[PDB]
file upload_32.txt (compact mmCIF, C-alpha atoms and all ligand atoms)
# COMPACT_ATOMS: atom_id res chain seq x y z
CA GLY A 1 -27.54 -67.04 -43.31
CA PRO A 2 -30.55 -66.79 -45.62
CA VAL A 3 -32.52 -63.54 -45.60
CA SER A 4 -36.18 -62.99 -46.44
CA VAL A 5 -38.66 -60.10 -46.14
CA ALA A 6 -42.38 -60.77 -46.60
CA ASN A 7 -44.41 -57.61 -47.19
CA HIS A 8 -48.07 -57.86 -46.21
CA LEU A 9 -48.72 -54.11 -46.39
CA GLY A 10 -49.66 -52.42 -49.63
CA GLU A 11 -47.41 -49.62 -50.85
CA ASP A 12 -49.93 -47.06 -49.51
CA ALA A 13 -51.09 -48.71 -46.23
CA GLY A 14 -48.95 -46.27 -44.25
CA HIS A 15 -50.32 -43.06 -45.72
CA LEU A 16 -53.78 -44.65 -45.80
CA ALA A 17 -53.61 -45.41 -42.07
CA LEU A 18 -52.35 -41.90 -41.40
CA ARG A 19 -55.23 -40.41 -43.40
CA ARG A 20 -57.90 -42.14 -41.29
CA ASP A 21 -56.23 -41.65 -37.90
CA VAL A 22 -56.08 -37.88 -38.10
CA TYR A 23 -59.42 -37.71 -39.89
CA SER A 24 -61.06 -39.69 -37.09
CA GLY A 25 -58.74 -38.50 -34.32
CA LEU A 26 -59.22 -34.79 -34.97
CA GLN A 27 -63.02 -35.21 -34.71
CA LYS A 28 -63.08 -36.88 -31.27
CA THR A 29 -63.60 -35.09 -27.95
CA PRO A 30 -60.98 -34.75 -26.84
CA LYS A 31 -59.04 -34.99 -30.09
CA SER A 32 -56.54 -37.82 -29.96
CA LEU A 33 -53.89 -39.27 -32.21
CA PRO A 34 -52.12 -42.63 -31.89
CA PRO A 35 -48.44 -42.35 -30.89
CA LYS A 36 -47.27 -44.49 -33.84
CA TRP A 37 -47.11 -41.33 -35.97
CA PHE A 38 -44.38 -39.64 -33.90
CA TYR A 39 -41.72 -41.74 -35.60
CA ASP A 40 -40.90 -40.22 -38.97
CA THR A 41 -37.20 -39.65 -39.66
CA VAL A 42 -36.71 -36.58 -37.47
CA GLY A 43 -39.06 -38.18 -34.92
CA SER A 44 -36.82 -41.24 -34.60
CA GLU A 45 -33.72 -39.06 -34.24
CA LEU A 46 -35.54 -37.18 -31.47
CA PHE A 47 -36.47 -40.39 -29.67
CA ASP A 48 -32.94 -41.77 -29.75
CA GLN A 49 -31.93 -38.50 -28.14
CA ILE A 50 -34.69 -39.09 -25.59
CA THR A 51 -33.23 -42.48 -24.65
CA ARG A 52 -29.91 -40.81 -23.81
CA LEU A 53 -31.49 -38.22 -21.53
CA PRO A 54 -30.68 -38.54 -17.81
CA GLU A 55 -34.40 -38.20 -17.01
CA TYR A 56 -35.55 -40.97 -19.43
CA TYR A 57 -34.70 -44.01 -17.34
CA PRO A 58 -36.80 -46.79 -19.05
CA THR A 59 -34.35 -47.30 -21.91
CA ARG A 60 -31.33 -47.83 -19.66
CA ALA A 61 -33.38 -49.53 -16.92
CA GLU A 62 -34.39 -52.24 -19.40
CA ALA A 63 -30.86 -52.57 -20.80
CA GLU A 64 -29.51 -52.99 -17.25
CA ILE A 65 -31.82 -55.99 -16.74
CA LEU A 66 -31.08 -57.46 -20.17
CA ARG A 67 -27.30 -57.24 -19.75
CA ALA A 68 -27.68 -59.07 -16.43
CA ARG A 69 -30.46 -61.55 -17.15
CA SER A 70 -30.27 -62.37 -20.90
CA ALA A 71 -28.68 -65.80 -20.30
CA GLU A 72 -31.56 -66.57 -17.92
CA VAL A 73 -34.21 -65.48 -20.49
CA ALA A 74 -32.48 -67.87 -22.89
CA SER A 75 -32.15 -70.85 -20.54
CA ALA A 76 -35.77 -70.40 -19.44
CA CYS A 77 -37.22 -69.99 -22.94
CA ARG A 78 -34.82 -72.41 -24.70
CA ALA A 79 -36.05 -70.82 -27.93
CA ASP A 80 -34.54 -71.41 -31.34
CA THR A 81 -36.31 -68.42 -32.92
CA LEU A 82 -36.48 -64.84 -31.61
CA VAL A 83 -39.60 -62.96 -32.84
CA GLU A 84 -39.23 -59.19 -32.26
CA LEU A 85 -42.37 -57.04 -32.32
CA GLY A 86 -40.28 -54.06 -33.38
CA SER A 87 -37.51 -52.94 -35.70
CA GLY A 88 -34.60 -55.02 -34.40
CA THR A 89 -32.23 -52.05 -34.51
CA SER A 90 -31.45 -51.91 -30.77
CA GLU A 91 -28.58 -53.33 -28.77
CA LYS A 92 -31.14 -55.20 -26.64
CA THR A 93 -31.89 -57.19 -29.78
CA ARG A 94 -28.20 -58.18 -29.94
CA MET A 95 -28.08 -59.22 -26.24
CA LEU A 96 -31.06 -61.52 -26.83
CA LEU A 97 -29.54 -63.01 -29.99
CA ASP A 98 -26.16 -63.44 -28.28
CA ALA A 99 -27.83 -65.28 -25.40
CA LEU A 100 -29.67 -67.68 -27.75
CA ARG A 101 -26.51 -68.09 -29.81
CA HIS A 102 -24.51 -68.90 -26.58
CA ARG A 103 -27.08 -71.53 -25.52
CA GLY A 104 -26.41 -72.90 -29.00
CA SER A 105 -30.06 -72.92 -30.02
CA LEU A 106 -30.32 -69.83 -32.26
CA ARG A 107 -31.65 -70.72 -35.73
CA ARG A 108 -33.90 -67.90 -36.82
CA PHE A 109 -34.61 -64.22 -36.20
CA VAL A 110 -38.04 -62.78 -37.09
CA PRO A 111 -38.22 -58.95 -36.96
CA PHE A 112 -41.86 -57.83 -37.24
CA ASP A 113 -42.63 -54.19 -38.03
CA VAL A 114 -44.59 -51.96 -40.41
CA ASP A 115 -41.58 -50.46 -42.23
CA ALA A 116 -39.94 -52.65 -44.87
CA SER A 117 -36.89 -50.39 -45.30
CA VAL A 118 -36.03 -50.62 -41.59
CA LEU A 119 -36.65 -54.38 -41.67
CA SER A 120 -34.22 -54.64 -44.60
CA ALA A 121 -31.33 -52.73 -43.04
CA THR A 122 -31.92 -54.80 -39.90
CA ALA A 123 -31.95 -57.98 -41.99
CA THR A 124 -28.62 -57.02 -43.53
CA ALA A 125 -27.13 -56.15 -40.13
CA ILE A 126 -28.07 -59.43 -38.47
CA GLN A 127 -26.94 -61.34 -41.56
CA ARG A 128 -23.48 -59.75 -41.49
CA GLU A 129 -23.17 -60.39 -37.69
CA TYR A 130 -24.62 -63.88 -37.08
CA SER A 131 -23.59 -66.48 -39.61
CA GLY A 132 -25.93 -69.45 -39.29
CA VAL A 133 -29.06 -67.40 -38.56
CA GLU A 134 -32.01 -67.27 -40.92
CA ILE A 135 -33.68 -63.86 -40.87
CA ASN A 136 -37.38 -64.01 -41.82
CA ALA A 137 -38.50 -60.41 -41.57
CA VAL A 138 -42.28 -59.95 -41.67
CA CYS A 139 -43.79 -56.64 -42.69
CA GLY A 140 -47.28 -56.42 -41.27
CA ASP A 141 -49.26 -55.00 -38.37
CA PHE A 142 -50.63 -56.57 -35.20
CA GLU A 143 -54.40 -56.69 -35.87
CA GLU A 144 -54.09 -58.64 -39.16
CA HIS A 145 -50.72 -60.25 -39.70
CA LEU A 146 -49.40 -61.73 -36.42
CA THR A 147 -50.66 -64.99 -37.94
CA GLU A 148 -48.09 -64.58 -40.78
CA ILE A 149 -45.09 -65.09 -38.46
CA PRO A 150 -43.32 -68.40 -39.30
CA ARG A 151 -43.51 -71.28 -36.84
CA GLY A 152 -39.97 -72.53 -36.30
CA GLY A 153 -39.09 -74.79 -33.42
CA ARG A 154 -39.80 -72.88 -30.20
CA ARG A 155 -40.41 -69.14 -30.29
CA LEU A 156 -39.47 -66.27 -28.00
CA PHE A 157 -41.69 -63.32 -28.78
CA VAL A 158 -40.17 -60.06 -27.53
CA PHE A 159 -42.07 -56.80 -26.94
CA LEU A 160 -39.77 -54.46 -25.01
CA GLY A 161 -39.65 -50.78 -24.12
CA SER A 162 -42.94 -50.69 -22.20
CA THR A 163 -44.49 -50.15 -25.65
CA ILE A 164 -47.43 -52.23 -24.36
CA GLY A 165 -48.08 -49.19 -22.13
CA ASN A 166 -49.43 -47.37 -25.22
CA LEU A 167 -52.53 -49.60 -25.07
CA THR A 168 -55.12 -48.62 -22.46
CA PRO A 169 -56.66 -51.64 -20.67
CA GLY A 170 -59.23 -52.34 -23.42
CA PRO A 171 -56.90 -52.66 -26.42
CA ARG A 172 -54.16 -53.99 -24.15
CA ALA A 173 -56.07 -57.11 -23.15
CA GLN A 174 -57.29 -57.56 -26.73
CA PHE A 175 -53.73 -57.30 -28.07
CA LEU A 176 -52.47 -59.91 -25.57
CA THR A 177 -55.25 -62.43 -26.17
CA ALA A 178 -54.47 -62.31 -29.89
CA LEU A 179 -50.73 -62.55 -29.30
CA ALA A 180 -51.45 -65.45 -26.95
CA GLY A 181 -53.51 -67.04 -29.74
CA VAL A 182 -50.83 -67.01 -32.43
CA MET A 183 -48.48 -68.40 -29.76
CA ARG A 184 -48.42 -72.19 -29.39
CA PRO A 185 -47.43 -74.50 -26.51
CA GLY A 186 -43.70 -74.23 -25.88
CA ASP A 187 -43.48 -70.57 -27.02
CA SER A 188 -42.88 -67.68 -24.64
CA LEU A 189 -43.30 -63.89 -24.59
CA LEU A 190 -40.71 -61.50 -23.11
CA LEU A 191 -42.50 -58.32 -22.02
CA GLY A 192 -41.15 -54.95 -20.87
CA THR A 193 -43.26 -52.90 -18.47
CA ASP A 194 -42.33 -49.61 -16.84
CA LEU A 195 -43.36 -49.63 -13.16
CA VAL A 196 -45.43 -47.23 -11.09
CA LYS A 197 -43.18 -44.89 -9.10
CA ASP A 198 -42.73 -41.31 -7.79
CA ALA A 199 -45.04 -39.15 -9.96
CA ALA A 200 -42.36 -36.45 -10.14
CA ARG A 201 -39.93 -39.02 -11.55
CA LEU A 202 -42.58 -40.07 -14.07
CA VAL A 203 -43.57 -36.59 -15.33
CA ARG A 204 -39.96 -35.49 -15.51
CA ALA A 205 -39.22 -38.44 -17.80
CA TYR A 206 -41.70 -36.97 -20.32
CA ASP A 207 -40.88 -33.26 -19.89
CA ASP A 208 -37.07 -33.13 -19.82
CA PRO A 209 -35.68 -29.69 -18.83
CA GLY A 210 -33.90 -29.71 -22.20
CA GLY A 211 -37.13 -29.81 -24.17
CA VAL A 212 -36.28 -32.83 -26.35
CA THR A 213 -39.57 -34.55 -25.49
CA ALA A 214 -41.42 -31.30 -26.21
CA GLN A 215 -40.21 -31.07 -29.81
CA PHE A 216 -40.68 -34.84 -30.13
CA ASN A 217 -44.33 -34.49 -29.11
CA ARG A 218 -45.17 -31.56 -31.39
CA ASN A 219 -43.43 -33.48 -34.18
CA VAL A 220 -46.73 -35.24 -34.85
CA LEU A 221 -48.08 -31.87 -36.01
CA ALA A 222 -45.02 -31.51 -38.25
CA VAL A 223 -45.92 -34.94 -39.70
CA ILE A 224 -49.58 -34.04 -40.24
CA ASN A 225 -48.57 -30.72 -41.80
CA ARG A 226 -46.09 -32.39 -44.16
CA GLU A 227 -47.83 -35.63 -45.15
CA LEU A 228 -51.34 -34.13 -45.26
CA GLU A 229 -50.94 -30.43 -46.25
CA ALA A 230 -52.03 -28.87 -42.95
CA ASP A 231 -51.25 -25.56 -41.25
CA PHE A 232 -50.62 -26.26 -37.56
CA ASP A 233 -49.03 -23.22 -35.92
CA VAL A 234 -46.92 -25.93 -34.30
CA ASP A 235 -45.29 -23.52 -31.91
CA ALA A 236 -48.72 -22.41 -30.65
CA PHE A 237 -49.24 -25.94 -29.26
CA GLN A 238 -47.60 -26.34 -25.85
CA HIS A 239 -46.12 -29.62 -24.65
CA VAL A 240 -47.92 -30.98 -21.59
CA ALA A 241 -46.86 -34.15 -19.79
CA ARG A 242 -49.45 -35.29 -17.26
CA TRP A 243 -49.52 -37.97 -14.58
CA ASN A 244 -53.04 -39.46 -14.34
CA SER A 245 -53.29 -40.75 -10.76
CA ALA A 246 -56.54 -42.71 -11.23
CA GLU A 247 -55.44 -44.50 -14.40
CA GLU A 248 -51.73 -44.70 -13.38
CA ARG A 249 -50.32 -43.56 -16.72
CA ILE A 250 -48.28 -40.75 -18.20
CA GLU A 251 -50.14 -38.70 -20.81
CA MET A 252 -48.61 -36.43 -23.45
CA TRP A 253 -50.95 -33.63 -24.56
CA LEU A 254 -50.50 -30.68 -26.94
CA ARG A 255 -52.28 -27.65 -25.46
CA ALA A 256 -53.48 -24.89 -27.81
CA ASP A 257 -52.57 -21.40 -26.58
CA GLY A 258 -55.48 -19.29 -27.77
CA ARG A 259 -58.20 -20.29 -30.18
CA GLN A 260 -56.79 -22.07 -33.21
CA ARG A 261 -58.38 -23.31 -36.42
CA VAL A 262 -56.54 -25.70 -38.73
CA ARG A 263 -57.25 -27.19 -42.17
CA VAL A 264 -55.85 -30.57 -43.22
CA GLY A 265 -55.66 -30.27 -46.99
CA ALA A 266 -55.51 -33.93 -48.02
CA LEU A 267 -58.66 -34.60 -45.93
CA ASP A 268 -60.78 -31.53 -46.90
CA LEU A 269 -61.22 -31.03 -43.17
CA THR A 270 -61.23 -28.03 -40.83
CA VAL A 271 -61.18 -28.45 -37.06
CA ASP A 272 -61.31 -25.87 -34.28
CA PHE A 273 -59.26 -25.72 -31.07
CA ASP A 274 -60.73 -23.81 -28.15
CA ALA A 275 -58.31 -21.52 -26.31
CA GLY A 276 -56.45 -23.82 -23.91
CA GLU A 277 -57.83 -27.00 -25.48
CA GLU A 278 -55.64 -30.08 -25.34
CA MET A 279 -55.17 -32.92 -27.81
CA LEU A 280 -54.01 -36.33 -26.57
CA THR A 281 -51.05 -37.80 -28.45
CA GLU A 282 -49.65 -40.63 -26.28
CA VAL A 283 -50.51 -42.78 -23.27
CA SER A 284 -47.80 -44.60 -21.32
CA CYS A 285 -49.55 -46.79 -18.77
CA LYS A 286 -47.36 -47.52 -15.73
CA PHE A 287 -47.55 -50.99 -14.22
CA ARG A 288 -47.57 -52.96 -10.96
CA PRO A 289 -45.70 -56.27 -10.60
CA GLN A 290 -48.54 -58.68 -9.79
CA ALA A 291 -51.06 -56.86 -11.98
CA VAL A 292 -48.80 -57.62 -14.98
CA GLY A 293 -48.80 -61.35 -14.23
CA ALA A 294 -52.56 -61.09 -13.78
CA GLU A 295 -53.07 -59.53 -17.22
CA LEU A 296 -50.77 -62.14 -18.77
CA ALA A 297 -52.84 -64.88 -17.10
CA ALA A 298 -56.02 -63.37 -18.52
CA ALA A 299 -54.57 -63.50 -22.03
CA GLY A 300 -53.91 -67.21 -21.59
CA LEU A 301 -50.22 -66.83 -20.76
CA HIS A 302 -48.42 -67.92 -17.58
CA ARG A 303 -45.52 -65.88 -16.19
CA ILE A 304 -42.47 -67.87 -15.09
CA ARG A 305 -39.92 -65.09 -14.58
CA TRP A 306 -39.99 -61.51 -13.36
CA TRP A 307 -37.01 -59.17 -13.12
CA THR A 308 -36.36 -55.55 -12.19
CA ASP A 309 -33.33 -53.29 -12.18
CA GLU A 310 -31.49 -52.52 -8.95
CA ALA A 311 -33.97 -49.74 -8.14
CA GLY A 312 -37.29 -51.41 -9.03
CA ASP A 313 -38.03 -48.85 -11.78
CA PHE A 314 -38.63 -51.21 -14.74
CA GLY A 315 -39.87 -54.80 -15.03
CA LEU A 316 -39.32 -57.59 -17.55
CA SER A 317 -41.77 -60.51 -17.61
CA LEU A 318 -41.26 -63.91 -19.18
CA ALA A 319 -44.51 -65.72 -19.93
CA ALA A 320 -45.02 -69.21 -21.38
CA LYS A 321 -47.88 -70.50 -23.54
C1 LIG B 1 -42.32 -51.14 -30.79
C2 LIG B 1 -43.03 -51.00 -32.13
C3 LIG B 1 -43.75 -52.13 -32.49
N1 LIG B 1 -44.44 -52.20 -33.64
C4 LIG B 1 -44.45 -51.14 -34.46
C5 LIG B 1 -43.72 -49.94 -34.14
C6 LIG B 1 -43.79 -48.87 -35.09
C7 LIG B 1 -43.13 -47.68 -34.86
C8 LIG B 1 -42.39 -47.54 -33.69
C9 LIG B 1 -42.30 -48.56 -32.74
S1 LIG B 1 -41.23 -48.05 -31.31
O1 LIG B 1 -40.15 -49.02 -31.04
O2 LIG B 1 -40.42 -46.93 -31.80
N2 LIG B 1 -42.12 -47.59 -29.87
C10 LIG B 1 -43.29 -46.79 -30.20
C11 LIG B 1 -44.26 -46.51 -29.04
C12 LIG B 1 -43.79 -45.66 -27.83
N3 LIG B 1 -42.87 -46.34 -26.92
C13 LIG B 1 -42.80 -45.88 -25.51
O3 LIG B 1 -42.07 -46.41 -24.75
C14 LIG B 1 -43.62 -44.71 -24.95
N4 LIG B 1 -43.27 -44.49 -23.55
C15 LIG B 1 -42.01 -47.47 -27.26
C16 LIG B 1 -41.31 -47.44 -28.63
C17 LIG B 1 -40.55 -46.10 -28.71
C18 LIG B 1 -43.00 -49.84 -32.98

call {"tool": "encode", "arguments": {"input": "upload_32.txt", "output": "structure tokens", "more": "lines below"}}
Ligand SMILES: Cc1cncc2cccc(S(=O)(=O)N3CCCN(C(=O)CN)C[C@@H]3C)c12
result
Amino acid sequence: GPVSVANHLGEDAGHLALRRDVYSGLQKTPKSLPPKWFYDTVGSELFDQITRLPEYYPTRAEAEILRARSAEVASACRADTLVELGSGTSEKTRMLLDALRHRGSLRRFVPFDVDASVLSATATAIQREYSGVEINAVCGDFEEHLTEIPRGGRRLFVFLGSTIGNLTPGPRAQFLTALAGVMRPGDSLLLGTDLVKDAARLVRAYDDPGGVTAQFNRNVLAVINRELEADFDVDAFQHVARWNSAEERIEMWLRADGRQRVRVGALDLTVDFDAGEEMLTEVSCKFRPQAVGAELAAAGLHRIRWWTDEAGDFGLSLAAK
């Protein structure tokens, strides 16, 4: 099938975005950094390890559902084009394409991410594996370029992994209204949401006894040190995984053991860390079944399917425009 990549990000947009996030994020109280910056090369290898950890259930909880329900997703959505808000490198991607292909209605795959190299490998993969499929990879980000996604016949947008949990309720509702707006009648959105559960089970999923999440979390300091000429005594920052009972969300913090002071060279900046001061690096909001349909209805979408794994740990929503 025909391949195409459209690149809406300038050659520097990545490093430019990094430069302002840590510049602004290190001057907040408390200091905070978006979780997008975890995922350099060693960060992605660390995450793929995380998905294989016994304690990290969401990855396998969502694959359990998708293995069982993919033909339903297809027959409900009846979509000829699968739009992935992600890299397209997972096996869940394949299960969704297989379902659409089995239905007989698969024409077009649209991977949508901010890394053209990943989009290209993905585009080659899907081209070698699915003759007949047009791959129209789009390289952009959500706030500006969701409008650049092609139209096709009838579109299944897919945002899995409970990645939507990284948006607190403000940006979450804003992200969904805008995604609802680029959607048109007949299109649907397939949404993965990790569910509220035993707080011990939640914290343990982000502080594995093996420490793989710990080095994954402090890898954002390794990224800032490398890409921006900084001097984080990375080991002096302790991994902290918190359950926030009032907000119902996991939080990953890096706690500074003793007073620290750090200079970020590319930004001519120096920031201080009090002894025991924490810096927020990721939020995973945990969800409730009807509250997810509610949020989808407030974005202008209407849920028509809900599914969980055998234990009720993870949920997948299907929502029509
Ligand atoms: C989904 C996605 C969409 N668009 C751009 C992306 C750019 C880089 C990485 C991903 S991502 O796929 O690597 N992503 C990241 C956030 C944490 N996530 C959690 O689940 C936390 N509990 C989910 C999952 C690991 C992107």

call {"tool": "residues_around", "arguments": {"input": "upload_32.txt", "residues": "residue 238 (chain A)", "least_positions_apart": "6", "cutoff": "7 Å", "atoms": "only C-alpha atoms", "output": "PyMOL selection string"}}
result
chain A and resi 254-256

call {"tool": "residues_around", "arguments": {"input": "upload_32.txt", "residues": "residue 219 (chain A)", "least_positions_apart": "6", "cutoff": "10 Å", "atoms": "only C-alpha atoms", "output": "ChimeraX atom specification"}}
result
/A:37-40,42-43,46,213,225,234

call {"tool": "closest_residue", "arguments": {"input": "upload_32.txt", "among": "A:85, A:294, A:267, A:200", "to": "residue 245 (chain A)", "atoms": "all atoms listed in the file"}}
result
A:200

call {"tool": "closest_residue", "arguments": {"input": "upload_32.txt", "among": "A:247, A:72, A:84, A:272", "to": "ligand LIG 1 (chain B)", "atoms": "all atoms listed in the file"}}
result
A:84

call {"tool": "axis_aligned_box", "arguments": {"input": "upload_32.txt", "around": "ligand LIG 1 (chain B)", "padding_each_side": "8 Å", "output": "JSON"}}
result
{"center_x": -42.3, "center_y": -48.3, "center_z": -29.3, "size_x": 20.3, "size_y": 23.7, "size_z": 27.5}

call {"tool": "residues_near_ligand", "arguments": {"input": "upload_32.txt", "ligand": "ligand LIG 1 (chain B)", "cutoff": "10 Å", "atoms": "all atoms listed in the file", "output": "VMD selection string"}}
result
chain A and resid 34 to 40 43 to 44 47 to 48 50 to 51 56 58 to 59 84 to 90 111 to 115 139 to 142 158 to 167 192 to 194 205 to 206 249 to 252 282 to 286

call {"tool": "residues_around", "arguments": {"input": "upload_32.txt", "residues": "residue 191 (chain A)", "least_positions_apart": "6", "cutoff": "12 Å", "atoms": "only C-alpha atoms", "output": "ChimeraX atom specification"}}
result
/A:62,66,73,84-85,156-165,176,179,287,292-293,295-296,301,303-308,314-320

call {"tool": "closest_residue", "arguments": {"input": "upload_32.txt", "among": "A:244, A:120, A:105, A:290", "to": "residue 195 (chain A)", "atoms": "all atoms listed in the file"}}
result
A:290

call {"tool": "residues_around", "arguments": {"input": "upload_32.txt", "residues": "residue 54 (chain A)", "least_positions_apart": "5", "cutoff": "12 Å", "atoms": "all atoms listed in the file", "output": "list in words"}}
result
residues 49, 59, 60, 61, 201, 204, 205, 206, 207, 208, 209, 210 and 212 of chain A

call {"tool": "write_last_selection", "arguments": {"input": "upload_32.txt", "atoms": "C-alpha atoms", "output": "CSV table (one decimal), keeping the file's coordinate frame"}}
result
chain,number,residue,atom,x,y,z
A,49,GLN,CA,-31.9,-38.5,-28.1
A,59,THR,CA,-34.4,-47.3,-21.9
A,60,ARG,CA,-31.3,-47.8,-19.7
A,61,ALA,CA,-33.4,-49.5,-16.9
A,201,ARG,CA,-39.9,-39.0,-11.6
A,204,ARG,CA,-40.0,-35.5,-15.5
A,205,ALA,CA,-39.2,-38.4,-17.8
A,206,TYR,CA,-41.7,-37.0,-20.3
A,207,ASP,CA,-40.9,-33.3,-19.9
A,208,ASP,CA,-37.1,-33.1,-19.8
A,209,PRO,CA,-35.7,-29.7,-18.8
A,210,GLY,CA,-33.9,-29.7,-22.2
A,212,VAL,CA,-36.3,-32.8,-26.4

call {"tool": "atom_distance", "arguments": {"input": "upload_32.txt", "atom1": "CA of residue 232 (chain A)", "atom2": "CA of residue 262 (chain A)"}}
result
6.1 Å

call {"tool": "build_atoms", "arguments": {"input": "upload_32.txt", "residues": "region 296-310 of chain A", "atoms": "N, CA and C atoms", "output": "PDB file, in the frame of the given file"}}
result
ATOM      1  N   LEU A 296     -51.301 -61.046 -17.952  1.00  0.00           N
ATOM      2  CA  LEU A 296     -50.770 -62.140 -18.770  1.00  0.00           C
ATOM      3  C   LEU A 296     -51.590 -63.418 -18.573  1.00  0.00           C
ATOM      4  N   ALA A 297     -52.007 -63.703 -17.331  1.00  0.00           N
ATOM      5  CA  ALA A 297     -52.840 -64.880 -17.100  1.00  0.00           C
ATOM      6  C   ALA A 297     -54.214 -64.746 -17.738  1.00  0.00           C
ATOM      7  N   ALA A 298     -54.730 -63.529 -17.877  1.00  0.00           N
ATOM      8  CA  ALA A 298     -56.020 -63.370 -18.520  1.00  0.00           C
ATOM      9  C   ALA A 298     -55.934 -63.512 -20.026  1.00  0.00           C
ATOM     10  N   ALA A 299     -54.758 -63.288 -20.607  1.00  0.00           N
ATOM     11  CA  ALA A 299     -54.570 -63.500 -22.030  1.00  0.00           C
ATOM     12  C   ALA A 299     -54.390 -64.975 -22.366  1.00  0.00           C
ATOM     13  N   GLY A 300     -54.211 -65.821 -21.362  1.00  0.00           N
ATOM     14  CA  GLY A 300     -53.910 -67.210 -21.590  1.00  0.00           C
ATOM     15  C   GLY A 300     -52.448 -67.544 -21.443  1.00  0.00           C
ATOM     16  N   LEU A 301     -51.634 -66.598 -20.993  1.00  0.00           N
ATOM     17  CA  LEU A 301     -50.220 -66.830 -20.760  1.00  0.00           C
ATOM     18  C   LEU A 301     -49.943 -66.996 -19.259  1.00  0.00           C
ATOM     19  N   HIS A 302     -48.798 -67.600 -18.949  1.00  0.00           N
ATOM     20  CA  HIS A 302     -48.420 -67.920 -17.580  1.00  0.00           C
ATOM     21  C   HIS A 302     -46.998 -67.419 -17.338  1.00  0.00           C
ATOM     22  N   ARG A 303     -46.838 -66.455 -16.429  1.00  0.00           N
ATOM     23  CA  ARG A 303     -45.520 -65.880 -16.190  1.00  0.00           C
ATOM     24  C   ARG A 303     -44.656 -66.834 -15.385  1.00  0.00           C
ATOM     25  N   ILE A 304     -43.378 -66.930 -15.747  1.00  0.00           N
ATOM     26  CA  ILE A 304     -42.470 -67.870 -15.090  1.00  0.00           C
ATOM     27  C   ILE A 304     -41.217 -67.145 -14.616  1.00  0.00           C
ATOM     28  N   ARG A 305     -41.052 -65.889 -15.022  1.00  0.00           N
ATOM     29  CA  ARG A 305     -39.920 -65.090 -14.580  1.00  0.00           C
ATOM     30  C   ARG A 305     -40.374 -63.648 -14.474  1.00  0.00           C
ATOM     31  N   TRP A 306     -39.816 -62.945 -13.500  1.00  0.00           N
ATOM     32  CA  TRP A 306     -39.990 -61.510 -13.360  1.00  0.00           C
ATOM     33  C   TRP A 306     -38.645 -60.958 -12.928  1.00  0.00           C
ATOM     34  N   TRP A 307     -38.291 -59.786 -13.440  1.00  0.00           N
ATOM     35  CA  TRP A 307     -37.010 -59.170 -13.120  1.00  0.00           C
ATOM     36  C   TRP A 307     -37.182 -57.666 -13.082  1.00  0.00           C
ATOM     37  N   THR A 308     -36.460 -57.010 -12.176  1.00  0.00           N
ATOM     38  CA  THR A 308     -36.360 -55.550 -12.190  1.00  0.00           C
ATOM     39  C   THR A 308     -34.898 -55.150 -12.117  1.00  0.00           C
ATOM     40  N   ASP A 309     -34.644 -53.874 -12.408  1.00  0.00           N
ATOM     41  CA  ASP A 309     -33.330 -53.290 -12.180  1.00  0.00           C
ATOM     42  C   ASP A 309     -33.115 -53.075 -10.691  1.00  0.00           C
ATOM     43  N   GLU A 310     -31.893 -52.640 -10.356  1.00  0.00           N
ATOM     44  CA  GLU A 310     -31.490 -52.520  -8.950  1.00  0.00           C
ATOM     45  C   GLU A 310     -32.426 -51.622  -8.160  1.00  0.00           C
TER      46      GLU A 310
END
